[PDB]
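Next up is one chain by itself, shown in C-alpha cells, the form deposited without this ligand.
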C-alpha cells in the first residue's frame, strides 16, 4: 500500500471556490434613529441624560440605519438582569443563543444549499462560527441535525472568535476544499447579540459603543474545489490567505465571557491601528501578484465601525466607491461580527450581476477581503472574481 498513491488520489486540483451564498436575520428590525430612546428606556436609564446624549451621538455617527436583533422588548422585560450593565445573566443569555445561533444558521444554510442546487448529502465538511454562546455538543452538531446532513460530515466548531472570523472561516474552508477531492464545505457564520446586550454605564463608554454597533445575522457558503462545469456555479475563487497581529495593539479589543454575559472593551484606537497596518497586509498579498494599485481590485472589509472604513480609505486614497458594498451592509445590518464580510460578498456579487457588470467583483478581476478583531488581528483573503 503506497501512501503517495493514496495522497495523490485523495487531494483536489484547483482553487477553492465559493459556489453559493445565503443569508438570514432575526425578524425584529431595530431602527438606529430611535434606538437611543428605546435603549435608555428598556435599560431603565432614562435619568442618565448626559450619557443618553453621548449614545445618541454614537448612533448618529455609526452610519448604521437599522439592525436585526433576536432580542425584543418582551424578552428584555422578562430578563431584567440582561438590561443591567453587569448582572449575573449568562445562563439566561446562553439559553437564548444555544437555540437561536443554529436556528438562524439553518435559515442561511438552507438558502445557500438551494442556490448550490446539489444534494445535501454531498456536503463533506461543515464549519460553524459564532461568538455568541457555547455548548457541548456545539452548534455544528445542532446544524448537522437541523439540516439533515450526513452524520459523518467533518465538523469544525469555531467558537468565541470575534469580528475577524469571516476571514478565518474562508482561510480554513480553502484548505479543506483544496486538500480533499470532491469535498464540499458548508460554512455557517451566525452571530446573535443576546450575549453582549447590556445596560449603559458612564464609566464604560467603550462597552456603550458596542451597543450602538453590534447586530444579528447569519451567512452561509458552499465552498469546493473543481466545480462541475455548468452544474455548479463559481462566484469567487480564493487564491491566498494570511492572518497577522498588528504591532502595538495589545489589549486593543477584548471580550470576556463572564457570569454577566460577554463583556466588550476597546482600549486602543482601532481605526488608527488598522489603517497604520493595512498597507503592509496589502503588499504581502498583492506584491507577488504584481499589483500595487489598490483601486484596481475589489474590496471587502469588516465594518467594525465606520471610522475603520474612513481611515483605511483616507490612508490608501481609495476612491469613495471602493467601500460601497461594505458600507451598504453596515448601513442595513450594522456590525454582524463574523457574518458581515460574507453578507458583503453577497451584496457585491448580487449588485455586480444585477448591474450587468463583467465580473462578480464589480467588473474587476482581483480582490481582497479583510477581517479585523481581537488581537488586534487582521485576516486577509485574496480573491479572484468570476466572469458574469
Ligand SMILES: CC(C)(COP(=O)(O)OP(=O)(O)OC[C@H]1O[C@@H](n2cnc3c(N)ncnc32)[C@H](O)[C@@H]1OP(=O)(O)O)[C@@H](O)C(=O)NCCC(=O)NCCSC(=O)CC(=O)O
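Residue numbers count along the first chain shown, from 1.
Below, we refer to the form solved in complex with this ligand, which is not included among the displayed structures.
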Discussion item. Tell me which stretch of 174 to 182, 110 to 118, 298 to 306, 151 to 159 has a heavy atom within 4.5 angstroms of this ligand in the deposited complex.
Written reply: 298 to 306
Fill in: Listed residue (54, 66, 351, 48) with a non-hydrogen atom within 4.5 angstroms of this ligand in the deposited complex
54
Discussion item. Quick check on this chain: which one of 41, 319, 358, 61 has a heavy atom within 4.5 Å of this ligand in the deposited complex?
Written reply: 61
Worksheet item: Though only this chain appears here, would residue 289 touch this ligand in the deposited complex if you measure heavy atom gaps against 4.5 Å?
Response: no
Discussion item. Given that this ligand is not shown alongside this chain, does residue 250 nevertheless sit within 4.5 Å of it in the deposited complex, heavy atom to heavy atom?
Written reply: no
Discussion item. Residue 213 versus this ligand, in the deposited complex: is there a non-hydrogen atom within 4.5 Å?
Written reply: yes
Discussion item. When the contact criterion is heavy atoms within 4.5 Å, does residue 245 count as touching this ligand in the deposited complex?
Written reply: no
Worksheet entry | Heavy atom contacts to this ligand in the deposited complex at 4.5 Å, residues of 324 to 346 in sequence order | 335
